[PDB]
Amino acid sequence: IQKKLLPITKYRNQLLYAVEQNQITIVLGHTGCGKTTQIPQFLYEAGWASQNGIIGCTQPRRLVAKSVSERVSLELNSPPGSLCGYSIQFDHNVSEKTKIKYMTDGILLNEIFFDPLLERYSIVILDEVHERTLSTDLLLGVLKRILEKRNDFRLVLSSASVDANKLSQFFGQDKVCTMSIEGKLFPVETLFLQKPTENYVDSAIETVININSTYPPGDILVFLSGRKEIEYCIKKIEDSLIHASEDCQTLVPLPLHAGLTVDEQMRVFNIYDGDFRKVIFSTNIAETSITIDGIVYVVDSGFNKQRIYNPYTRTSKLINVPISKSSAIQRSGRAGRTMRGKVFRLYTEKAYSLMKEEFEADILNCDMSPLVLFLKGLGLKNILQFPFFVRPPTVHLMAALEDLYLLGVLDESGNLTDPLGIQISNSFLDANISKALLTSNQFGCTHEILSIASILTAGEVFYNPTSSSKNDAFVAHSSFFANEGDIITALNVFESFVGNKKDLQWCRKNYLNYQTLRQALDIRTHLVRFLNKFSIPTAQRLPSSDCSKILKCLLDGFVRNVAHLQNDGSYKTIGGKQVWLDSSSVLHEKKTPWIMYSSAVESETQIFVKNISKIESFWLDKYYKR
Amino acid sequence: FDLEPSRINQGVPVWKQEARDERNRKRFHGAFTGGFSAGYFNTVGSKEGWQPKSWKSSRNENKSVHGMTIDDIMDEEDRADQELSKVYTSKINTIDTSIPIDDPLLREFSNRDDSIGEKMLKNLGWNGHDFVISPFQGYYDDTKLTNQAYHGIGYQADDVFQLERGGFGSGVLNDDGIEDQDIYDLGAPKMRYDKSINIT
Amino acid sequence: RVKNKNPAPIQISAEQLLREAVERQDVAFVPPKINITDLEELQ
Amino acid sequence: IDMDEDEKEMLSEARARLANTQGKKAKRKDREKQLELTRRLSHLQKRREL
Amino acid sequence: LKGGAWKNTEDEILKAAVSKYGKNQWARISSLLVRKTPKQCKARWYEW
RNA sequence: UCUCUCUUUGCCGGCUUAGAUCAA
């Protein structure tokens with residue numbers, strides 16, 4: 001019944017006709033209208049998956065992929081995984097009988113790498129391509145090529161942004177139809193300031209207070225730059241509650257950002273009975289995949305935080321940028337789902353006249369070193385031959401290529417060097433981390449490096465409470481403080497983690513993130529299969545306590561990321577960069593003479609390093625001399 | 001060595017951290033570390049003592065009398081700072097890093113620091129003639145523009161409100177003031193001075 | 001909902017503070033009395 | 001009714017402060033007397049068990 | 001940070017601290033209230 | 001005159017520049 005209520009039912013015949021008669025179809029629509037969930041059902045009913053055919057619909061988000069797969073399996077009244085399944089990066093839950101497949105972009109790139117022509121799929125629908133992920137756009141570039149070779153293969157493009165004309169030019173107008181669905185949205189009136197604001201949160205708090213006292217009940221969703229102002233708004237909203245008048249509703253503030261624990265992110269969905277008005281202080285999470293109902297009034301600051309990587313310094317910084325035009329329309333239209341709502345963007349239309357229309361792709365805002373490995377593995381000598389939708393900056397490509405050359409994966413001619421280069425190309429991870437695993441075979445200690453890599457890719461394995469439990473967390477970790485750095489501390493924690501019977505109460509007691517450890521287990525299992533692809537045994541352990549050769553492999557893996565202490569308390573990277581140690585690391589003030597890190601995060605004044613591990617100079621000298 | 005009990009630090013950053021304790025005691029040691037005692041106990045010697053080893057030279061017995069080495073005469077501070085003071089070589093890192101080349105003027109005069117990378121571009125068949133740039137570089141300009149200062153989008157700001165020799169030290173606790181600047185001044189020649197002024 | 005801004009029916013008073021602070025005291029420390037079983041410890 | 005939670009912390013500290021009295025380093029002498037009493041009791045108990 | 005609006009608990013702790021300490025030990029009284037300064041405690045006592 | 005209880009019941013560390021200072 002819910003299938004039939006969606007607006008997409010009335011386009012079924014038209015969508016099928018366009019998809020069949022056109023090699024590539026561009027579908028424009030709003031999230032939640034049924035494009036994500038009902039297009040697979042519609043073409044399965046048409047018969048696209050008939051006779052061994054498979055429906056591979058790409059969902060670039062792992063959680064979204066799994067959730068949509070489960071929803072489609074349940075909506076078709078079929079056992080999970082039988083007809084519809086999900087395949088996310090380093091986690092496979094599929095079956096031979098599965099017809100509707102929701103898959104991640106990286107695995108699909110790997111399948112292209114092994115199978116250049118995708119003979120097992122007759123149709124693939126690209127969904128949620130609006131986020132412009134690196135993997136998504138690389139997949140689009142390769143997919144134009146496969147449509148070039150394959151006349152039977154069909155493409156359906158679903159996007160929440162108006163990019164069809166550029167895609168139409170890129171794909172050729174004679175083979176793409178630009179169709180737009182006519183949804184329904186309650187009319188939303190925009191309100192703009194006559195003069196530019198000086199302090200947008202103070203402008204925001206003024207409007208938030210004015211909405212409560214003068215407008216009918218309804219939750220107000222705000223848009224703020226980042227998580228630092230969220231608590232600031234909590235404090236003023238609490239003070240306003242203390243001084244609230246009898247004519248104003250009890251206004252509850254609710255944070256919503258990426259760094260929260262899931263339960264905190266579940267706190268927002270709670271229903272507050274009585275005269276309680278929710279206000280969600282969301283940075284940018286309440287923009288996609290969030291469907292909180294009852295949102296009426298939205299005040300938009302026009303600023304959003306994002307990430308930029310610096311190739312010259314190999315750093316990454318969180319900077320504030322004015323939002324794009326598309327984001328402004330999405331923010332205005334978010335309010336008004338259930339009833340009429342108004343938006344208050346804290347700037348003037350003259351300010352709107354100047355922002356750039358659409359945010360740049362992550363293929364243009366991420367690390368391209370994994371991308372070059374992909375093209376070189378496919379066999380593309382000249383990177384310029386690949387059909388990029390937007391030309392990536394050449395200097396970034398050159399930074400990645402010089403990094404790969406000094407890494408040894410590329411020769412003087414720029415081609416993959418020895419089995420090392422191809423084996424690195426076969427690895428999902430970055431070339432830097434994979435080198436330690438691949439060189440561990442010469443030394444018979446792959447296991448501890450495998451655990452290190454799994455911990456690094458899975459993420460942070462320690463939990464730091466914000467309450468008084470910080471001392472308790474510190475004491476719980478106090479048993480496993482390694483003199484040699486966090487990396488061997490992580491190794492000890494990983495070794496003893498499996499030694500405590502996978503007890504979840506033990507993980508809680510020791511403030512250890514069990515989820516990260518499980519994900520590391522899946523990563524290491526898949527990398528074991530990856531090494532066995534090269535017939536490398538994975539029973540190799542070092543029986544001796546000397547972690548020195550593990551450190552040789554790591555220094556071979558983090559050649560560039562070394563630094564030594566300066567008198568001023570900072571460290572000089574080998575590349576002449578002034579960095580400061582992060583407070584989280586154990587070796588905060590030990591004044592270790594020589595240090596080695598993995599990742600660098602840069603703030604407006606200090607460049608901070610993570611994953612701190614001590615080293616000795618003569619190892620570096622002997623490694624550099626050869 | 002048990003790294004001492006680490007729970008003592010907890011949070012409480014620098015300006016409330018008690019004092020450094022060499023042996024869990026509040027006391028400095030060393031002449032240049034703030035202690036009123038240096039050496040063993042204001043002395044050169046050690047607890048056990050020190051004796052030279054026996055010497056015998058007969059063109060075959062001095063062969064057992066080898067030479068002297070760096071480590072055999074240093075102590076733990078000296079070795080620690082010997083490890084700290086070792087910085088050299090580098091080479092390969094310096095050749096392929098930093099700023100290779102950009103903008104047409106620099107291509108002509110400034111040497112391409114890319115070097116072997118120019119041959120790599122030969123592998124890519126660059127053939128750029130006129131170079132190609134991407135809007136990320138306009139965002140790379142944002143690395144040299146601002147990070148915003150909590151202001152609105154349309155806020156024009158103001159121009160009056162933006163702002164940005166040696167010897168021994170007066171003492172790290174003795175602070176700075178009008179007293180501690182260079183009385184001998186010849187800096188800021190012209191960057192702070194205009195070249196012309198409107199007369200009307 | 002831990003947002004009961006409603007003023008408390010029992011407001012905190014100073015005399016309450018001093019009373020409940022003093023309440024931390026207990027009876028005088030009771031030591032087990034020494035038993036003089038012979039003459040020398042009596043001496 | 002629940003005036004957050006840091007106020008409870010400061011209230012507890014204030015309650016401990018207002019009735020603490022007895023100076024600051026007068027806590028050493030009474031403790032030393034208690035320890036001497038314990039040690040003399042142990043000596044006497046050892047003598048009687050002998 | 002510092003300052004605020006002098007919640008009733010703060011006022012009551014101020015009254016008790018003046019009971020126990022006196023009117024000439026405002027720093028010692030303000031040690032009880034983390035969120036307030038000796039000048040602020042003296043100002044409230046002499047103004048409200 | 002005993003016993004218990006209550007009530008009346010006059011009652012039994014110093015000095016100095018507050019010694020000097022104080023942000024999670």
# chains A, B, ... in the order shown; residues from 1 in each chain; ligands from 1
>>> interface_residues(of="chain C", to="chain D", cutoff="6 Å", atoms="only C-alpha atoms", output="count of residues only")
4
>>> closest_atom_pairs(of="chain C", to="chain A", cutoff="12 Å", atoms="only C-alpha atoms", output="JSON lines")
{"residue": "C:1", "atom": "CA", "partner": "A:272", "partner_atom": "CA", "distance": 8.2}
{"residue": "C:2", "atom": "CA", "partner": "A:252", "partner_atom": "CA", "distance": 10.8}
{"residue": "C:3", "atom": "CA", "partner": "A:252", "partner_atom": "CA", "distance": 8.4}
{"residue": "C:4", "atom": "CA", "partner": "A:250", "partner_atom": "CA", "distance": 10.0}
{"residue": "C:5", "atom": "CA", "partner": "A:242", "partner_atom": "CA", "distance": 7.2}
{"residue": "C:6", "atom": "CA", "partner": "A:242", "partner_atom": "CA", "distance": 9.7}
{"residue": "C:7", "atom": "CA", "partner": "A:242", "partner_atom": "CA", "distance": 10.3}
>>> select_by_dssp(residues="segment 69-170 of chain B", states="helix (DSSP H, G or I)", output="ChimeraX atom specification")
/B:71-73,76-84,92-95,104-108,116-124,135-144
>>> residues_around(residues="residue 99 of chain B", least_positions_apart="2", cutoff="7 Å", atoms="only C-alpha atoms (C1' of nucleotides)", output="PyMOL selection string")
chain B and resi 97+101+113
>>> write_last_selection(atoms="N, CA and C atoms", output="PDB file, in the first residue's frame")
ATOM      1  N   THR B  97      59.536  17.690  -3.130  1.00  0.00           N
ATOM      2  CA  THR B  97      58.657  18.262  -2.111  1.00  0.00           C
ATOM      3  C   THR B  97      58.473  19.735  -2.452  1.00  0.00           C
ATOM      4  N   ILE B 101      56.353  24.042  -9.343  1.00  0.00           N
ATOM      5  CA  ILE B 101      56.190  25.148 -10.283  1.00  0.00           C
ATOM      6  C   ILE B 101      54.711  25.511 -10.399  1.00  0.00           C
ATOM      7  N   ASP B 113      61.209  22.581  -9.574  1.00  0.00           N
ATOM      8  CA  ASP B 113      61.682  21.747  -8.477  1.00  0.00           C
ATOM      9  C   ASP B 113      61.149  20.326  -8.578  1.00  0.00           C
TER      10      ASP B 113
END
>>> interface_residues(of="chain E", to="chain A", cutoff="12 Å", atoms="only C-alpha atoms", output="VMD selection string")
chain E and resid 1 4 to 5 7
>>> closest_atom_pairs(of="chain E", to="chain F", cutoff="9 Å", atoms="only C-alpha atoms (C1' of nucleotides)", output="tab-separated table")
residue	atom	partner	partner_atom	distance
E:24	CA	F:18	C1'	7.2
E:25	CA	F:18	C1'	8.5
E:27	CA	F:22	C1'	8.9
>>> residues_around(residues="residue 19 of chain E", least_positions_apart="4", cutoff="12 Å", atoms="only C-alpha atoms (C1' of nucleotides)", output="number ranges by chain")
C: 14-15, 17-18; D: 18-19; E: 12-15, 23-25, 29, 45
>>> select_by_dssp(residues="segment 265-299 of chain A", states="strand (DSSP E or B)", output="list in words")
residues 276, 277, 278, 279, 280, 281, 282, 295, 296, 297, 298 and 299 of chain A
>>> write_last_selection(atoms="C-alpha atoms", output="CSV table (one decimal), in the first residue's frame")
chain,number,residue,atom,x,y,z
A,276,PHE,CA,7.4,21.0,24.4
A,277,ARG,CA,8.9,22.5,21.3
A,278,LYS,CA,12.0,20.8,19.9
A,279,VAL,CA,14.8,22.8,18.4
A,280,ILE,CA,17.5,20.7,16.7
A,281,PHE,CA,20.9,22.3,16.6
A,282,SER,CA,22.2,20.4,13.6
A,295,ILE,CA,9.8,20.4,11.1
A,296,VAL,CA,8.1,23.8,10.5
A,297,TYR,CA,10.5,26.7,10.9
A,298,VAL,CA,14.1,26.7,9.7
A,299,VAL,CA,16.7,29.4,10.2
>>> atom_distance(atom1="atom CA of residue 24 of chain A", atom2="atom CA of residue 153 of chain A")
9.0 Å
>>> decode(residues="segment 2-19 of chain F", atoms="N, CA and C atoms (P, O5', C5', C4', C3', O3' and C1' of nucleotides)", output="PDB file, in the first residue's frame")
ATOM      1  P     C F   2      14.338  11.326 100.571  1.00  0.00           P
ATOM      2  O5'   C F   2      14.019   9.968  99.802  1.00  0.00           O
ATOM      3  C5'   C F   2      14.692   8.765 100.143  1.00  0.00           C
ATOM      4  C4'   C F   2      14.085   7.577  99.440  1.00  0.00           C
ATOM      5  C3'   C F   2      14.111   7.612  97.921  1.00  0.00           C
ATOM      6  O3'   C F   2      15.339   7.154  97.386  1.00  0.00           O
ATOM      7  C1'   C F   2      11.936   7.027  98.665  1.00  0.00           C
ATOM      8  P     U F   3      16.014   7.900  96.131  1.00  0.00           P
ATOM      9  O5'   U F   3      15.078   7.505  94.906  1.00  0.00           O
ATOM     10  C5'   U F   3      14.840   6.145  94.582  1.00  0.00           C
ATOM     11  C4'   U F   3      13.799   6.007  93.503  1.00  0.00           C
ATOM     12  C3'   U F   3      13.928   6.962  92.328  1.00  0.00           C
ATOM     13  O3'   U F   3      14.886   6.545  91.372  1.00  0.00           O
ATOM     14  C1'   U F   3      11.686   6.934  93.079  1.00  0.00           C
ATOM     15  P     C F   4      15.710   7.641  90.535  1.00  0.00           P
ATOM     16  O5'   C F   4      14.712   8.080  89.372  1.00  0.00           O
ATOM     17  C5'   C F   4      14.087   7.112  88.541  1.00  0.00           C
ATOM     18  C4'   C F   4      12.915   7.696  87.793  1.00  0.00           C
ATOM     19  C3'   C F   4      13.152   9.031  87.106  1.00  0.00           C
ATOM     20  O3'   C F   4      13.825   8.907  85.864  1.00  0.00           O
ATOM     21  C1'   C F   4      11.077   9.076  88.250  1.00  0.00           C
ATOM     22  P     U F   5      14.831  10.058  85.372  1.00  0.00           P
ATOM     23  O5'   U F   5      13.875  11.198  84.795  1.00  0.00           O
ATOM     24  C5'   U F   5      12.907  10.906  83.800  1.00  0.00           C
ATOM     25  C4'   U F   5      11.844  11.974  83.732  1.00  0.00           C
ATOM     26  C3'   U F   5      12.334  13.405  83.581  1.00  0.00           C
ATOM     27  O3'   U F   5      12.684  13.736  82.249  1.00  0.00           O
ATOM     28  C1'   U F   5      10.664  13.315  85.247  1.00  0.00           C
ATOM     29  P     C F   6      13.794  14.861  81.953  1.00  0.00           P
ATOM     30  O5'   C F   6      13.021  16.241  82.161  1.00  0.00           O
ATOM     31  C5'   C F   6      11.867  16.551  81.393  1.00  0.00           C
ATOM     32  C4'   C F   6      11.050  17.651  82.026  1.00  0.00           C
ATOM     33  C3'   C F   6      11.738  18.992  82.212  1.00  0.00           C
ATOM     34  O3'   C F   6      11.777  19.772  81.031  1.00  0.00           O
ATOM     35  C1'   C F   6      10.607  18.414  84.201  1.00  0.00           C
ATOM     36  P     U F   7      12.976  20.815  80.793  1.00  0.00           P
ATOM     37  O5'   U F   7      12.681  21.994  81.827  1.00  0.00           O
ATOM     38  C5'   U F   7      11.532  22.814  81.680  1.00  0.00           C
ATOM     39  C4'   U F   7      11.244  23.629  82.917  1.00  0.00           C
ATOM     40  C3'   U F   7      12.332  24.598  83.350  1.00  0.00           C
ATOM     41  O3'   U F   7      12.335  25.804  82.607  1.00  0.00           O
ATOM     42  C1'   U F   7      11.588  23.380  85.225  1.00  0.00           C
ATOM     43  P     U F   8      13.692  26.655  82.470  1.00  0.00           P
ATOM     44  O5'   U F   8      13.888  27.330  83.901  1.00  0.00           O
ATOM     45  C5'   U F   8      13.020  28.369  84.328  1.00  0.00           C
ATOM     46  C4'   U F   8      13.177  28.687  85.796  1.00  0.00           C
ATOM     47  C3'   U F   8      14.509  29.277  86.240  1.00  0.00           C
ATOM     48  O3'   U F   8      14.636  30.655  85.932  1.00  0.00           O
ATOM     49  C1'   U F   8      13.867  27.586  87.749  1.00  0.00           C
ATOM     50  P     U F   9      15.764  31.576  86.622  1.00  0.00           P
ATOM     51  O5'   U F   9      16.930  30.582  87.069  1.00  0.00           O
ATOM     52  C5'   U F   9      17.472  30.661  88.380  1.00  0.00           C
ATOM     53  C4'   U F   9      18.754  29.877  88.535  1.00  0.00           C
ATOM     54  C3'   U F   9      19.837  30.142  87.507  1.00  0.00           C
ATOM     55  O3'   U F   9      20.516  31.359  87.739  1.00  0.00           O
ATOM     56  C1'   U F   9      19.674  27.821  87.896  1.00  0.00           C
ATOM     57  P     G F  10      20.236  32.621  86.787  1.00  0.00           P
ATOM     58  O5'   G F  10      21.656  33.320  86.649  1.00  0.00           O
ATOM     59  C5'   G F  10      21.937  34.514  87.358  1.00  0.00           C
ATOM     60  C4'   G F  10      23.145  34.357  88.242  1.00  0.00           C
ATOM     61  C3'   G F  10      24.460  34.132  87.522  1.00  0.00           C
ATOM     62  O3'   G F  10      25.033  35.301  86.974  1.00  0.00           O
ATOM     63  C1'   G F  10      24.263  32.544  89.225  1.00  0.00           C
ATOM     64  P     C F  11      25.621  35.263  85.480  1.00  0.00           P
ATOM     65  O5'   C F  11      26.762  34.148  85.532  1.00  0.00           O
ATOM     66  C5'   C F  11      26.493  32.797  85.170  1.00  0.00           C
ATOM     67  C4'   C F  11      27.278  31.838  86.030  1.00  0.00           C
ATOM     68  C3'   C F  11      28.701  31.565  85.593  1.00  0.00           C
ATOM     69  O3'   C F  11      29.605  32.609  85.900  1.00  0.00           O
ATOM     70  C1'   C F  11      27.664  29.534  86.185  1.00  0.00           C
ATOM     71  P     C F  12      30.803  32.922  84.882  1.00  0.00           P
ATOM     72  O5'   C F  12      31.663  31.580  84.910  1.00  0.00           O
ATOM     73  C5'   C F  12      32.521  31.233  83.836  1.00  0.00           C
ATOM     74  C4'   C F  12      33.450  30.113  84.223  1.00  0.00           C
ATOM     75  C3'   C F  12      34.271  29.502  83.101  1.00  0.00           C
ATOM     76  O3'   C F  12      35.401  30.286  82.762  1.00  0.00           O
ATOM     77  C1'   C F  12      33.363  27.784  84.456  1.00  0.00           C
ATOM     78  P     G F  13      42.849  28.061  68.989  1.00  0.00           P
ATOM     79  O5'   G F  13      42.771  29.374  69.887  1.00  0.00           O
ATOM     80  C5'   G F  13      43.456  30.558  69.513  1.00  0.00           C
ATOM     81  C4'   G F  13      44.208  31.146  70.678  1.00  0.00           C
ATOM     82  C3'   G F  13      45.063  32.365  70.383  1.00  0.00           C
ATOM     83  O3'   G F  13      44.296  33.550  70.345  1.00  0.00           O
ATOM     84  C1'   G F  13      46.326  30.819  71.625  1.00  0.00           C
ATOM     85  P     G F  14      44.556  34.633  69.200  1.00  0.00           P
ATOM     86  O5'   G F  14      45.867  35.392  69.665  1.00  0.00           O
ATOM     87  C5'   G F  14      45.825  36.288  70.757  1.00  0.00           C
ATOM     88  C4'   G F  14      47.131  37.014  70.916  1.00  0.00           C
ATOM     89  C3'   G F  14      47.528  37.890  69.747  1.00  0.00           C
ATOM     90  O3'   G F  14      46.893  39.153  69.758  1.00  0.00           O
ATOM     91  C1'   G F  14      49.380  36.589  70.447  1.00  0.00           C
ATOM     92  P     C F  15      46.651  39.942  68.385  1.00  0.00           P
ATOM     93  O5'   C F  15      48.109  40.336  67.919  1.00  0.00           O
ATOM     94  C5'   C F  15      48.830  41.341  68.599  1.00  0.00           C
ATOM     95  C4'   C F  15      50.174  41.569  67.963  1.00  0.00           C
ATOM     96  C3'   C F  15      50.174  41.946  66.502  1.00  0.00           C
ATOM     97  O3'   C F  15      49.948  43.327  66.308  1.00  0.00           O
ATOM     98  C1'   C F  15      51.778  40.248  66.895  1.00  0.00           C
ATOM     99  P     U F  16      49.380  43.856  64.912  1.00  0.00           P
ATOM    100  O5'   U F  16      50.578  43.655  63.896  1.00  0.00           O
ATOM    101  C5'   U F  16      51.788  44.378  64.042  1.00  0.00           C
ATOM    102  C4'   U F  16      52.620  44.288  62.793  1.00  0.00           C
ATOM    103  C3'   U F  16      51.903  44.739  61.523  1.00  0.00           C
ATOM    104  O3'   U F  16      52.793  45.462  60.683  1.00  0.00           O
ATOM    105  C1'   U F  16      52.658  42.508  61.274  1.00  0.00           C
ATOM    106  P     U F  17      52.278  46.811  59.987  1.00  0.00           P
ATOM    107  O5'   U F  17      51.921  46.395  58.497  1.00  0.00           O
ATOM    108  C5'   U F  17      51.117  47.234  57.683  1.00  0.00           C
ATOM    109  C4'   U F  17      50.837  46.593  56.350  1.00  0.00           C
ATOM    110  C3'   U F  17      50.096  45.270  56.379  1.00  0.00           C
ATOM    111  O3'   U F  17      48.696  45.443  56.483  1.00  0.00           O
ATOM    112  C1'   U F  17      51.952  45.118  54.923  1.00  0.00           C
ATOM    113  P     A F  18      47.994  45.625  57.911  1.00  0.00           P
ATOM    114  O5'   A F  18      46.573  44.954  57.713  1.00  0.00           O
ATOM    115  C5'   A F  18      46.480  43.574  57.422  1.00  0.00           C
ATOM    116  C4'   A F  18      45.108  43.034  57.717  1.00  0.00           C
ATOM    117  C3'   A F  18      44.980  41.523  57.673  1.00  0.00           C
ATOM    118  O3'   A F  18      45.374  40.926  58.896  1.00  0.00           O
ATOM    119  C1'   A F  18      43.208  42.515  56.460  1.00  0.00           C
ATOM    120  P     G F  19      46.185  39.547  58.918  1.00  0.00           P
ATOM    121  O5'   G F  19      47.468  39.822  58.030  1.00  0.00           O
ATOM    122  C5'   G F  19      48.472  40.717  58.469  1.00  0.00           C
ATOM    123  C4'   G F  19      49.723  40.560  57.651  1.00  0.00           C
ATOM    124  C3'   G F  19      49.509  40.307  56.174  1.00  0.00           C
ATOM    125  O3'   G F  19      49.290  41.494  55.444  1.00  0.00           O
ATOM    126  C1'   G F  19      51.101  38.776  57.032  1.00  0.00           C
TER     127        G F  19
END
